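In order, the protein sequences belong to chains A and B. Just so we're aligned, residue 2 is where the first sequence starts under the authors' numbering, counting upward by one. Just so we're aligned, residue 2 is where the second sequence starts under the authors' numbering, counting upward by one.
There are 2 protein chains.
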Amino acid sequence: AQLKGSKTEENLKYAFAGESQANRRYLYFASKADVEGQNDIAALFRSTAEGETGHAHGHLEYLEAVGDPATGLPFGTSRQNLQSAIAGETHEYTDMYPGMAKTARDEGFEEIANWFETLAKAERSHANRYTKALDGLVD
Amino acid sequence: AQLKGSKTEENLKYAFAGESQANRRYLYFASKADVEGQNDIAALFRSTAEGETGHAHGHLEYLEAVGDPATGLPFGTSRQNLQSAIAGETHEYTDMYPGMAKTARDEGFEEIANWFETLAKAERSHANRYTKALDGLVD
Ligand SMILES: [Fe+3]
Ligand SMILES: [Fe+3]
Ligand SMILES: [Fe+3]
Ligand SMILES: [Fe+3]
Numbered sequence: 002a003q004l005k006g007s008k009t010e011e012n013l014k015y016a017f018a019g020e021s022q023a024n025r026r027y028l029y030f031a032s033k034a035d036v037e038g039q040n041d042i043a044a045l046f047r048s049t050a051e052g053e054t055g056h057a058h059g060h061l062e063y064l065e066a067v068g069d070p071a072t073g074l075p076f077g078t079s080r081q082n083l084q085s086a087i088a089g090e091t092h093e094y095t096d097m098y099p100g101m102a103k104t105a106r107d108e109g110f111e112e113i114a115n116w117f118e119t120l121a122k123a124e125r126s127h128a129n130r131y132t133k134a135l136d137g138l139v140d
Numbered sequence: 002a003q004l005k006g007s008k009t010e011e012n013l014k015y016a017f018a019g020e021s022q023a024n025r026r027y028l029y030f031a032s033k034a035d036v037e038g039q040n041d042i043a044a045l046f047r048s049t050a051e052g053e054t055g056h057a058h059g060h061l062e063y064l065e066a067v068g069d070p071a072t073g074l075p076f077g078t079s080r081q082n083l084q085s086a087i088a089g090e091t092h093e094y095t096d097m098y099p100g101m102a103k104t105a106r107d108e109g110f111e112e113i114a115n116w117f118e119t120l121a122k123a124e125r126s127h128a129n130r131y132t133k134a135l136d137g138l139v140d
């Protein structure tokens, strides 16, 4: 049983995506609760969200064997991690977000299109910042 | 323009999932840098992760118009948020994780199968805990 190419690999990727989203959703729901004055609910959402952090990171540790779910590249060492982050970010600013901006604009969603453009620019800033840190890495 | 049914809706869902995973990946990468002693890099992954929170939460806000990406249910109020969280967790513990445990065991990945069963039990506990909060909610 090599994990590479298994159904179990795809499941880990799927479950990693889901738990990642669960954390983000629960933190969003926490902020709603905050404003409403529902402090016990807010606290429960934050606590559950820590749970989903442990789940997501557990999945990701198994995926170390086959590569970063976002890029397929090796990860583990800071060098590799930075390298994979740069590749993923580069894809987001040169392909994904501009593509999404154009589709939005084409469908008449002008505010969302400008949002995707804002984020294309931020991801380019992220890629460049990580490239600078990689250049300076002494390992 | 109706957001529901559009390609822009799909793109928001996809971007939400990607940004959610980027935050998780970058916090994992921070931990690796922590251990190695690369504290400037760790601080950078953590700061970039904050960016990805802002992006993912910005995407979720537009999706309030069409419903929670994990359940299709409306969200916004604590009452709605708990309901959605419950529905998603119920699916994860009754269906998703049990199914993945069994596929793992079939393919010869015993440890991963036990992992998935651990998370089945954890999502059941999350789902029950949220149902309790929901019954206690006063709004
Ligand atoms: Fe979980
Ligand atoms: Fe980024
Ligand atoms: Fe981002
Ligand atoms: Fe959960």
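C-beta atoms are modelled at their ideal positions from N, C-alpha and C, and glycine is treated no differently.
Around the beta carbon of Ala66 (chain B), fewer than 16 other beta carbons lie within 10 angstroms, which makes this residue exposed. Here the alpha carbons of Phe17 (chain B) and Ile42 (chain B) stand approximately 25 Å from one another. At a threshold of 7 Å, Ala23 (chain B) counts as near ligand 3, since its beta carbon sits closer than that to one of the ligand's heavy atoms. A Cβ-Cβ contact shorter than 8 Å links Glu20 (chain A) with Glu53 (chain A). Taking 8 Å as the threshold, the shortest C-beta distance from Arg130 (chain B) to chain A falls below it. Linking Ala121 (chain A) to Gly137 (chain B) through their CA atoms gives a straight-line distance of about 43 Å.
When B:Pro75, B:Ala128, B:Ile113 are compared, the shortest CA-CA separation from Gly89 (chain B) is found for B:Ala128. DSSP places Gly89 (chain A) inside the alpha helix (DSSP H), whose first and last residues are 79 to 92.
At least 8 Å separates the beta-carbon of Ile87 (chain B) from that of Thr49 (chain B).
Residues of chain A with a Cβ closer than 8 Å to the Cβ of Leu74 (chain B) do not exist, since the nearest Cβ in that chain sits about 11 Å away.
Under the three-state reduction of DSSP output, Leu64 (chain B) falls in the helix class. In the structure shown, the three-state DSSP call for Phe117 (chain A) is helix. Beta-carbon to beta-carbon, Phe117 (chain A) and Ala134 (chain A) are separated by about 26 Å, too far to satisfy the 8 Å threshold.
The beta carbon of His60 (chain B) sits closer than 7 Å to the beta carbons of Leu13, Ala16, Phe17, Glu20 from its chain, once the five residues preceding and following it are set aside; these are given in chain order. Sorting A:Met97, A:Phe46, A:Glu111, A:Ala23 by C-alpha distance to the C-alpha of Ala34 (chain A) places A:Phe46 at the top. Secondary structure note for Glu37 (chain A): its alpha helix (DSSP H) is the uninterrupted segment 8 to 37.
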